[PDB]
Amino acid sequence: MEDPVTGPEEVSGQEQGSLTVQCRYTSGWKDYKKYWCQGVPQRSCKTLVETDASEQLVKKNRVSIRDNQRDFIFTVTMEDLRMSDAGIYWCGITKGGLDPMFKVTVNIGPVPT
Ligand code: NA
């Protein structure tokens, strides 16, 4: 579609597991830095990882991001999940002014015990 960035409405993972999020963007944003942001208010969110506008994998703490500039999707991976990882997150594209952003709600469930 024509929205600058879109993701899944929600994604779910299990404590000690991993989850992946596909953030799809329109072709014109190829050479922009892409990021994964956490919390609210939306435009004060905490950046967890951000690319350098290349396809090189970036990792900070337990979060990875890899931009596929052929299919125009950047994939976020969250590993070694904790219950406190649950909450509101954002796919984003960095630009001067208001970024394109898309809200993803992250659900975490515990190890069955
Ligand atoms: Na901005």
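Pull the list of the chain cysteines that no other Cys approaches to under 4.7 Å, Cβ to Cβ.
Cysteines of the chain left without a disulfide-compatible partner: none whatsoever.
For the chain, modelled as a GNM with alpha-carbon contacts under 10 angstrom, which of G39, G17, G96 fluctuates the most?
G96
For the chain, what class follows from the C-alpha gyration tensor (a ≥ b ≥ c being the square roots of its eigenvalues): rounded when a/c is under 1.5, otherwise prolate if a/b is larger than b/c, else oblate? Working shown, then result.
Numbers: a/c = 1.89, a/b = 1.64, b/c = 1.15.
In terms of gyration-tensor shape, prolate.
If you plug each phi of segment 99-108 into the Karplus form 6.51 cos²θ - 1.76 cosθ + 1.60 with θ = phi - 60°, what whole-Hz ³J(HN,Hα) values come out, in order, with x for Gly and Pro?
5, x, 8, 9, 7, 10, 8, 9, 10, 10
Summing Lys, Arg as +1 and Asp, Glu as -1, what charge do residues with Cβ under 12 Å from the Cβ of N68 carry, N68 excluded? Before the final figure, lay out the partial values.
Details: positive: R24, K30, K34, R66, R70; negative: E55, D67, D71.
Every neighbour counted, the sum reads +2.
Based on alpha-carbon centroids, what's the gap between segment 1-51 and segment 53-113 in Å, whole number please?
Spelled out, the Cα-based centre of one part sits 5 Å from the other.
Every read-out reported here was derived from the displayed coordinates using simple, explicitly stated rules and does not represent laboratory data. Don't worry about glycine lacking a Cβ; one is built from the backbone with ideal geometry, like all the others, and counts go over all protein chains shown.
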